[PDB]
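> the data below comprise the sequence and an experimental structure of the protein.
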Amino acid sequence: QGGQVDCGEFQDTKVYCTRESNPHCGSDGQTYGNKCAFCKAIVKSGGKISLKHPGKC
């Protein structure tokens, strides 16, 4: 929230990413290779997107 790996896209508050490759299949439907990849993707639909799967779908 201002001193974290805060994905400055930050459409939401829980938008922080990984330094690792932690895949996420977002509730956006999409699968992202890591959480960082999922940040903008949270941003995709308001920040309000959540995760379906740790990993891909």
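The structure has been received and is ready for your questions. Residues are numbered from 1 along each chain as shown.
> now the helices for the protein?
Secondary structure of the chain, counting by DSSP state H: helices at 35-44.
> pretty sure residue 44 contacts residue 28?
Yes: the pair residue 44 and residue 28 passes the contact test of CB atoms under 8 Å, sitting 5.2 Å apart. Every residue, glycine included, has its C-beta placed from N, CA and C.
> quick one, what contacts residue 11?
By CB atoms under 8 Å, 6 or more residues apart in numbering, the residues touching residue 11 are 42-43, 46-48.
> what of residue 25?
31-32, 51-53, 55-57.
> any idea how far the residue nearest to residue 53 when sequence neighbours are not counted is from residue 50?
Distance criterion CB to CB, 6 or more residues apart in numbering; nearest residue to residue 53, sequence neighbours excluded, is residue 25 at 3.9 Å. Using CB to CB, to the nearest Å, one obtains 11 Å as the distance from residue 25 to residue 50.
> ok, residue 39 next?
Distance, residue 39 to residue 50, using CB to CB: 13 Å.
> these two - which one has more neighbours?
Taking neighbours as other CB atoms under 10 Å, residue 39 and residue 50 compare with residue 39 leading, 26 against 11.
> surely that one is in contact with residue 17?
Yes: here residue 39 reaches residue 17: they are 5.0 Å apart, a contact under CB under 8 Å.
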